[PDB]
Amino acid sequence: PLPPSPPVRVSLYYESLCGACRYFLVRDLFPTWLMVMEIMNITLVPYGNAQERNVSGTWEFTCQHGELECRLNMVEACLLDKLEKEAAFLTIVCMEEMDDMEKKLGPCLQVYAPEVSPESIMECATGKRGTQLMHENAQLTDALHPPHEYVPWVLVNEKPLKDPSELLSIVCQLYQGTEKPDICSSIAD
């Protein structure tokens, strides 16, 4: 009868090797979450500008930045499937800020989810589960209305965000609770 105010929903449609995607993830989405996580519900969709083709009964993917991007996309899809939400977010952010992403999977996992082996993540990423997860991200990305014009494509309560630097301000404004995080009142107009 009197539920708490709902969090602001943010969706990121991205690809692992897109420069603007990595900047927004690490220097916009992640720090905003660190500041106002209590009023934020983030969804990550690694697929971006990839393309998918049914080749002999199974889905195959082509990525704008090559096979490494397609493989890293599937690694992160498997992280989102096998880890708790916060652990997967932190591990993916950890990787995306690194020069050699594939080779930091183990170290980032050891920090945020040491109970999950990197080998089990790679088995998913190179196996049928990773292909199934990537196909689901393909369908989600294709269902965008309007379709995405570029990556990163950011939705805030299902509406496309045109200026990513406004993320923190818009999340604070859209939150319906009267008691906001202290940062929201500092940046308020």
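Start at 1 with the first residue shown and count on from there.
> Select between 29-37 and 137-145 the stretch whose C-alpha atoms have the higher average B-factor in the entry.
Higher mean C-alpha B-factor: 137-145.
> Which is higher on mean Cα B factor in this entry, 49-57 or 159-167?
Stretch with the greater average CA B-factor: 49-57.
> Sorting the chain's CA B-factors, does residue 99 end up in the lowest, middle or highest third?
Its C-alpha B-factor belongs to the highest third of this chain's values.
> Per the entry's values, where does residue 180 land by CA temperature factor relative to the rest of its chain, in the lowest, middle or highest third?
Top third by C-alpha B-factor.
> Against its chain's modelled residues, does residue 127's Cα B factor rank lowest, middle or highest third?
Its C-alpha B-factor, which the entry lists for residue 127, ranks in the highest third among residues of this chain.
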